[PDB]
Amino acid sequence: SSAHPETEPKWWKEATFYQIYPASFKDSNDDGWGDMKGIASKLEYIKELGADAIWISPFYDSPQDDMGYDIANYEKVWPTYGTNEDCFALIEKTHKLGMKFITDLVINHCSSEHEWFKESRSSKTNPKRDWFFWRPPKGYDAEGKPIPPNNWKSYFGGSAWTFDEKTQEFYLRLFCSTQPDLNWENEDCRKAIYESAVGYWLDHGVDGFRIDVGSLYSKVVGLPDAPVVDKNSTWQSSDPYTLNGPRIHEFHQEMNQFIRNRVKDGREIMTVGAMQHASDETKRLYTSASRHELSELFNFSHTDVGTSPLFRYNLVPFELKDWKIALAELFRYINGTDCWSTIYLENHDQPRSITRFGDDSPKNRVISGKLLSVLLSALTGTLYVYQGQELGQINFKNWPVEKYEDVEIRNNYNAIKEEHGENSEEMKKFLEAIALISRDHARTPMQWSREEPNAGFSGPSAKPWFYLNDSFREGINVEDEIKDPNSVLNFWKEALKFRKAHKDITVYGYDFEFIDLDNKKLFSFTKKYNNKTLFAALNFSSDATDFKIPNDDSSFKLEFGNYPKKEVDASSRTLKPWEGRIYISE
């Protein structure tokens, strides 16, 4: 491990994070929206699961056009969630339970309701005009409508620009129309961003930040038209000119130094960047400890599988090997470096992992949920568990499109309708994809009980902000799973116990090697830590599947798996349907 600087222990390397989506976690006052007192009331549940830290998605004052990722005030909690004091009490309670607290840092853009933007948009001459990207129309079209400055597509569909009638110019918004991008080329803007979004929260005791689209802050000068890579779309990906831009490392170094200089008590702050995609070299420039940029990053290749590189909401075939390789992209690059990785399958933007990568049928949802837990338990990096994942939550089924809340659904739907028609092949493909891929599969209220109609998320008379998944009725809920020794929840508790007990090779293991990479069913690998070898054999299939241990001997002991403990033959070399096993040799 001397040749593996990545094995140097840090609290944030070996912490298991639990991600909370505040709108959907726990409602304490029957208004149908989750809130801070609701979260506080369930911290003991999170601690008992085996979490070491929490990350709460944005709870700052926000119109909710993008459910909190459109921030009107970095220094004020959204009143529906609580007061600033409620948040501080929540951070303290988290801390007194022995857990760390990270907050979501959303500074690529703010709400158009933010005072900075209200000032910026007021005139062409005010001191905050250049805190955003304002450009005149390219010209006007034959119908008299202004033409946007370039052809860039919003992440949620349609143009990435919004016309302002008052000043007769467009402003850039890569996200929804009320999320204007902040201009990081303006130094006064950067400094104000740091004071408000970063310094305020450091002053109030956060242990770190999850950094939202951290790879988008640097725009290529001129904001040029993007190449036409999609010939069936008016608007084109801005990625070449917005993703990992020329100043992105300069910006992250400056922000890292701001944090180091603002912390008052010498505590160690973790930053995890939601960086989307980056070559391994770029990842190393971000996460190498000696670069003083990020602690670690999320890379989305593993959650991209089965979706068109041209459009998230067009499904394409994938095979197990594609997902194996994509998962390995999170962590192989850190081998023999001072970098660090993340490990996760779910978050507030993703559908449920059982539905995507296991088998969500009544027959197999439990065992395949446990398989995914076995897999995640064994991988190197900071592990993240998303609310409901520990219950084996699955996608909702058979929802009409109008039932979806997500702005990403609404905007993409309207873009397709405008470009192709509601009754088009393009629309049919979109509707097929949302049933599998929508962010809303992550966003239905947390299922605490089998109580009708709100599953313990709120009182029985409350109207939840968003519809409940019917799965609560089928026993996917905290109350039912605690009592069931065979539940996915109880399994996750054991998986986190196993991971911690063997953390040297589970969290800090290196020299990862695939075994039988091409196998369409078997996901198998080895890792090392000094004299120890970990071997995983994981059967992502309803078929039984053979495996081999490289250099097989009697030294490989079965240490963890998802089939009943007393019924597994460790010496056998065939996995039952959806069976996973971790062996360790020392």
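Don't overthink the numbering: it's just position in the shown sequence, from 1.
On average the C-alpha atoms of 122-130 have higher B-factors than those of the other stretch, with 122-130 and 284-292 being the two compared. Between the stretches 408-416 and 366-374, it is 408-416 that shows the larger average CA temperature factor. The entry assigns its greatest Cα B factor, within the set 470, 304, 254, 440, to 470. Ranking 45, 33, 60, 547 by the C-alpha B-factor listed in the PDB entry places 547 at the top. In the PDB entry, residue 10 places in the middle third of its chain by CA B-factor. Residue 532: CA B factor lies in the highest third for its chain, per the PDB record.
Among the modelled residues of its chain, residue 69 has a C-alpha B-factor that falls in the lowest third according to the deposited record. Per-chain ranking of the deposited C-alpha B factor places residue 227 in the highest third. Split the chain's modelled residues into thirds by C-alpha temperature factor. Residue 149 is in the highest one.
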